[PDB]
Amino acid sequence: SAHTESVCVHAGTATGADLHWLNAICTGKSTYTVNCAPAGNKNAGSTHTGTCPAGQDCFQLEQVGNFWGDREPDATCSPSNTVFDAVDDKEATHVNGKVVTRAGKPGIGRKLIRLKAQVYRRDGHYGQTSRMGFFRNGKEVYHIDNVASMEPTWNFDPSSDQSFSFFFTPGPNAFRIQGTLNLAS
């Protein structure tokens, strides 16, 4: 991404190196780690960190083609009011063994929506959780077991739906959850 490539370009100036991103991983709400390598030797990776600008969260991407043509995890930055995310840390919300994101409401009318979320490993790839789902109005209303992702639909109604949040069950293959609300049909 523009952001992860910039991390590599800035990392290479001190040695005149022509570095490009190999892959990149979200490590928190706004932080990410990039692995960089010289254009002439994809094998010579080095690790470097970045942080998304104010008002933006890290957004994990998958199967993004890098400079050498390999499809890899990548990271970009997205407005913090368009993405849900959480890792297992102290000021993550914990409920009944689950890590829960912030809760919020879209500003649309009565519409069918999709609640899309995935869990990710520490290496930035899709992972696996024993249980993941979403809360509505502060209560667990949907869950799905032993998966990397969820995408239930829902007839959103602003009069009855005050908030949604996503949750996952942390484990060796579930470090971060990332979710969005989207129009569906």
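So that there is no doubt, residue numbering starts at 1 and follows the sequence shown.
S.K.: Would 74-82 or 90-98 have the larger average of its C-alpha temperature factors, as given in the entry?
M.R.: Taking the mean C-alpha B-factor of 74-82 and of 90-98, the larger value falls to 90-98.
S.K.: Given the B-factors recorded for C-alpha atoms, which segment has the greater mean, 40-48 or 121-129?
M.R.: Result: 40-48.
S.K.: Choose from 62, 140, 57, 151 the residue with the greatest Cα B-factor as stated in the PDB record.
M.R.: 140 has the highest C-alpha B-factor of those listed.
S.K.: Going by what the PDB entry lists, where does residue 181 fall on CA B-factor within its chain: lowest, middle or highest third?
M.R.: As the PDB entry reports it, the C-alpha B-factor of residue 181 lands in the lowest third of its chain.
S.K.: Going by the recorded CA B-factors, say which third of the chain residue 69 sits in, lowest, middle or highest.
M.R.: According to the entry, residue 69 has a C-alpha B-factor in the chain's middle third.
S.K.: Ranked by Cα temperature factor within the chain, is residue 32 in the lowest third, the middle third or the highest third?
M.R.: Lowest third.
S.K.: Taking the C-alpha B-factors as the PDB entry records them, is residue 23 in the lowest, middle or highest third of its chain?
M.R.: Residue 23: CA B-factor falls in the lowest third of its chain.
S.K.: Please place residue 173 in the lowest, middle or highest third of its chain by C-alpha B factor as given in the entry.
M.R.: Tercile = lowest for this residue's CA B-factor.
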